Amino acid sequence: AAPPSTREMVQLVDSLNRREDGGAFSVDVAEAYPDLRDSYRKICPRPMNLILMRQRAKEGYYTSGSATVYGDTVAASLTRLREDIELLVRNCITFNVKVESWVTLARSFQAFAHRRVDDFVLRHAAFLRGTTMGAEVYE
């Protein structure tokens, strides 16, 4: 199948912004909390949020060069975007581990995000129908 366009990838990332999340995954923590940045970066050495992900989508980072677009399964497709989703969730759960509202939100976003990517892959790549889904692998 043809790779998704960058516009399609941007639309996909845009679709990951849920009003229910209240901008939780869109905020650059290091910029918004300068006095906690060192403490945050200790626990979360790698930045990730939906602003960075939309920049990556717009640039072709998820769909160009060495990026895996279609893998041998749905789960194994759009690996760079899946890794970013996984890092967003990992950072949230690790740093906010003692706050149940945050962890619950993070897990809800994780499941939602992988389902959205799964659906997107299947819309573009019918040859991957019935293979392992990202929603089944990630958790």
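Residue indices: 1-based, along the sequence shown.
- Comparing the deposited coordinates for 99-107 and 25-33, the stretch with the larger average C-alpha B-factor is 25-33.
- The PDB entry assigns the greatest CA B-factor among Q55, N91, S66, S77 to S66.
- For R123, the recorded CA B-factor ranks within the middle third of the chain. Only modelled residues enter the ranking.
- Per the PDB record, residue ranking by Cα B-factor puts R46 in the highest third of the chain.
- In this PDB entry, the Cα temperature factor of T131 sits in the bottom third of its chain's modelled residues, the lowest group.
- When the modelled residues of the chain are ordered by C-alpha B-factor, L87 sits in the highest third.
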